[PDB]
Amino acid sequence: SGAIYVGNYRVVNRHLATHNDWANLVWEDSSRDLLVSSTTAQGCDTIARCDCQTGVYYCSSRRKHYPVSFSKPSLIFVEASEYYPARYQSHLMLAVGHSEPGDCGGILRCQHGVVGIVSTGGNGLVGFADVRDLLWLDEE
Ligand SMILES: NC(=O)[C@H]1CCCN(C(=O)[C@@H]2CCSC2)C1
Ligand SMILES: [Zn+2]
């Protein structure tokens, strides 16, 4: 579990969104595994606006932050699960690292701010949903 809290927005994995998220919806995209809902309180996270390919992510199944090298946001095949049929998830970045069920929502960050959230794992790989292109998260 986990979210990004920037301005009056809450960014979560679409497959983990709550009823309150859907009832206060700003934007969602199944192909990216992202959903954004509105918040009453202002958040403290800042979004990175950069092309970093190195950063640090939080792994809840290890209670640890790990430094990783990750690929550029791309269209990657994701195996069928209880949450989506086999498909291609867009704007996904892969790294070598531990990710298992319970880990979606952990933040990936760089020197500039939050880069994205854990969206996949298994096989010694971790996949992150990028948010750096969502410029509207920084305003209104
Ligand atoms: N982004 C996806 O399609 C996710 C949905 C949940 C299932 N996915 C996973 O990778 C599992 C949970 C973390 S380790 C294995 C794919
Ligand atoms: Zn950066």
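Counting from 1, the numbers follow the sequence of the chain as shown. All values below come from the heavy atoms of this structure, side chains included, with hydrogens, waters and symmetry mates left out. In each ligand, atom 1 is the first atom listed, and ligand 1 is the first ligand listed.
- When side chains are defined from C-beta on, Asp21 counts as touching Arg10, because their heavy atoms get closer than 4.5 Å.
- The protein reaches atom 2 (C) of ligand 1 closely, with a heavy atom under 4.0 angstrom from it.
- Under 4.0 Å from ligand 1, not a single heavy atom of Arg32 appears.
- Looking only at distances, no side-chain donor or acceptor of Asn24 sits under 3.5 Å from a matching main-chain atom of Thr39.
- Heavy-atom proximity to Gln89, at under 4.0 Å, picks out these atoms of ligand 1: 1 (N), 2 (C), 3 (O).
- Looking at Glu82 against ligand 1, nothing comes within 4.0 Å, counting heavy atoms.
- Of the listed residues (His98, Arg14, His15), the one carrying the non-hydrogen atom nearest atom 5 (C) of ligand 1 is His15.
- To the nearest 10 degrees, the angle centred on the Zn ion (ligand 2) between SG in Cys50 and ND1 in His112 reads 100°.
- Here's the thing with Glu100: none of its N/O atoms is less than 3.5 angstrom from an N/O atom of ligand 1.
- For ligand 1, the polar-atom distance check finds an N/O of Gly121 within less than 3.5 Å of one of the ligand's N/O atoms.
- The contact set between ligand 1 and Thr120, taken as ligand atoms under 4.0 Å from a residue heavy atom, comprises 1 (N), 10 (O).
- The angle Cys52:SG - the Zn ion (ligand 2) - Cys110:SG amounts to 120°, with values rounded to 10 degrees.
- Heavy atoms of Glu79 stay at 4.0 angstrom or farther from ligand 1.
- Put simply, the side chain of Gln42 never gets that close to the backbone of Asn8: no donor and acceptor are under 3.5 Å apart.
- Near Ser119, the atoms of ligand 1 lying under 4.0 angstrom from a non-hydrogen atom of the residue are 1 (N), 2 (C), 4 (C), 16 (C).
- For the residue pair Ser90 and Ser31, a side-chain donor N or O sits within less than 3.5 Å of a side-chain acceptor on the partner.
- Among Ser30, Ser61, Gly122, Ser81, the residue whose heavy atom sits closest to atom 7 (C) of ligand 1 is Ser81.
- A donor-acceptor distance shorter than 3.5 angstrom exists from the side chain of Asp103 to the backbone of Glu100, with no hydrogens or angles considered.
- Between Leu25 and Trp27 the shortest side-chain heavy-atom distance does not fall below 4.5 Å.
- On a distance-only criterion, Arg87 and ligand 1 share at least one N/O pair closer than 3.5 Å.
- Counting only heavy atoms from C-beta outward, the side chains of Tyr84 and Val78 never approach each other to under 4.5 Å.
- Annotation for ligand 1: atoms under 4.0 Å from non-hydrogen atoms of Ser99 are 14 (S).
- If you check the side chains of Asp33 and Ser119, you find a donor sitting under 3.5 Å from an acceptor.
- Between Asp103 and ligand 1 there is no heavy-atom distance shorter than 4.0 Å.
- Inter-residue side-chain proximity for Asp45 and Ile107 is flagged as met; some heavy-atom pair is nearer than 4.5 Å.
- Proximity of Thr46 to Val6: side-chain heavy atoms (C-beta onward) are nowhere separated by under 4.5 Å.
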